[PDB]
Number of protein chains: 6
Amino acid sequence: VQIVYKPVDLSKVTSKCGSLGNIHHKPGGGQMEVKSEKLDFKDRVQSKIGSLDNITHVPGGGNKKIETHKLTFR
Amino acid sequence: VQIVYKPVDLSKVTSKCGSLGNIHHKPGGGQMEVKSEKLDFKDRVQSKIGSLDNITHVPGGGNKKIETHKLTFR
Amino acid sequence: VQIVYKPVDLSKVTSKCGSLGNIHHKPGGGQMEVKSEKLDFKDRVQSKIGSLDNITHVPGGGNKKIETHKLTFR
Amino acid sequence: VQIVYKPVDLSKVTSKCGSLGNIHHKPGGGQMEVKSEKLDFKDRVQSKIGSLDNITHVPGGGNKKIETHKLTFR
Amino acid sequence: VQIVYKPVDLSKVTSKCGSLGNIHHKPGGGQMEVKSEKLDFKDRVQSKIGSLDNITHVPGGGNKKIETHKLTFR
Amino acid sequence: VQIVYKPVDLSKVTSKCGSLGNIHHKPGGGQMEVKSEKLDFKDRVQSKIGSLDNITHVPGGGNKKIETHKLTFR
């Protein structure tokens, strides 16, 4: 029984941008009201309650490469 | 029994942009009201309740390459 | 029984940006009201309650490479 | 020539209210854009340009009596 | 020539209110943009340009009586 | 020529209020942008440009009586 996992990646995720700019994130204020009575969160729970969040994200590049490799033998 | 996993990737995800700009994210304020009584969230639960979120995302490039590799032997 | 995990990565996640700038994160103030009565959070719980958060994130590059490798033998 | 201006007012503008309340003025944000080039406003001009105004007016009483009296002799 | 201006006012503008309350003025943020080039405002001009105004006015009484008296002889 | 200006005012502008309260002025932030080039305002000009104003006005009484008297002889 012979298993040979030889993946090969010579790829290139690339970007060229000239001027990147003149960006205005100016939201008028938000209004939020949250009320939570009885919360029984027992096993592997991810919760968010009442977020009011402003983000500006201006990466010059911002290129993402996600690889996963899974060899499972049974 | 002979297994040979030899994938080959010479690909290129690419972008050229000139000027990138003059971008105005200006939303008028939101109004949100949330009420949650009895929440029994037991196993592997992802929850969001009451989000009020402004995002500006201006990547110069923003090119994404997702690869997955799964070799499963039984 | 012979297993050979030889992955090869010569990839390049790359960016070129010229001028990166003139970025204005100026949100008008948010209004948030949170009330939580009875919260029984027992095992592996991640919670957020009442966030009101302004972020500006201007990486010059901001290129992300995520690789995972899992060899599981049974 | 005999002029006799004898007006008589014994009137009563009246109100009774019990509980006055539980009033919620919660408008989502407005969006307004105004541009005015050449405005030659010379004599007795009242102008408003670009109003974006929220009012809540809860008088307990709020009863108005307007009287005018004009005697003009020529 | 005989002129007799004898106005008589025994009026009563009145209010009774019990509890006055539980009033919530909570508008989400407004967005306003104003641009005015050439404004030649010469004689008795009242102007407003670009107002963004929140008012809450809760008078316990708030009863108004306006009287005007004008005797003009020529 | 005989002129007799005898106005008589025994009026009463009145209010009774019980409890006055539980009043919440909580507006989310406003966003305002004003630009004014060439403004030639010569004679008796009242101007406002770019107001962003929050008012709470809770008079216990707040009753207004305005009287004007004008005798003009020519």
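The first residue you see is number 1, and the count goes up from there.
Going by what the header records, the deposited coordinates were determined by electron microscopy, 2.8 Å.
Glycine is treated like the rest: Cβ placed from N, Cα and C.
Over in Swiss-Prot, the protein carries these features:
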- A:1-31: repeat 'Tau/MAP 3' (REPEAT)
- A:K6: site 'Not glycated' (SITE)
- A:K6: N6,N6-dimethyllysine (MOD_RES)
- A:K6: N6-acetyllysine (MOD_RES)
- A:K12: site 'Not glycated' (SITE)
- A:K12: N6-acetyllysine (MOD_RES)
- A:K16: site 'Not glycated' (SITE)
- A:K16: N6-acetyllysine (MOD_RES)
- A:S19: phosphoserine (MOD_RES)
- A:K26: site 'Not glycated' (SITE)
- A:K26: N6-acetyllysine (MOD_RES)
- A:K35: site 'Not glycated' (SITE)
- A:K38: site 'Not glycated' (SITE)
- A:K38: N6-acetyllysine (MOD_RES)
- A:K42: glycation site (CARBOHYD)
- A:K42: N6-acetyllysine (MOD_RES)
- A:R44: omega-N-methylarginine (MOD_RES)
- A:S47: phosphoserine (MOD_RES)
- A:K48: glycation site (CARBOHYD)
- A:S51: phosphoserine (MOD_RES)
- A:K64: glycation site (CARBOHYD)
- A:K64: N6-acetyllysine (MOD_RES)
- A:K65: site 'Not glycated' (SITE)
- A:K70: site 'Not glycated' (SITE)
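Structural mapping of features recorded in Swiss-Prot.
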| residue | record | DSSP (3 states) |
| --- | --- | --- |
| A:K12 | site 'Not glycated' | strand |
| A:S19 | phosphoserine | coil |
| A:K26 | site 'Not glycated' | coil |
| A:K38 | site 'Not glycated' | strand |
| A:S47 | phosphoserine | strand |
| A:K70 | site 'Not glycated' | strand |
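Note: the CA-CA distance between A:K38 (site 'Not glycated') and A:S47 (phosphoserine) rounds to 14 Å. Between the modified residues A:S19, A:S47, A:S51, the minimum number of other C-beta atoms within 10 Å of a residue's C-beta occurs at A:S19. Around the Cβ of A:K65 (site 'Not glycated'), the number of neighbouring Cβ atoms within 10 Å comes to 23. The recorded sites in question are A:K6, A:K16, and the one with the fewest Cβ neighbours inside 10 Å is A:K6.
Just so you know, of the recorded sites A:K12, A:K26, the Cβ with the fewest other Cβ atoms around it within 10 Å is the one at A:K12. A:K6 (site 'Not glycated') is 50 Å away from A:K26 (site 'Not glycated') when you measure Cα to Cα.
Comparing CA positions across the recorded positions A:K12, A:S19, A:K64, A:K65, A:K70, the one lying closest to the residue listed as 'omega-N-methylarginine' turns out to be A:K70.
Neighbours of A:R44 (omega-N-methylarginine), defined as other CB atoms within 10 A of its CB across all chains, total 15.
A 10 Å cutoff on Cβ-Cβ distances gives A:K64 (glycation site) a total of 20 other Cβ atoms nearby, all chains included. Per Cα geometry, A:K6 is the residue among the recorded sites A:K6, A:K12, A:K16 nearest to A:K70 (site 'Not glycated').
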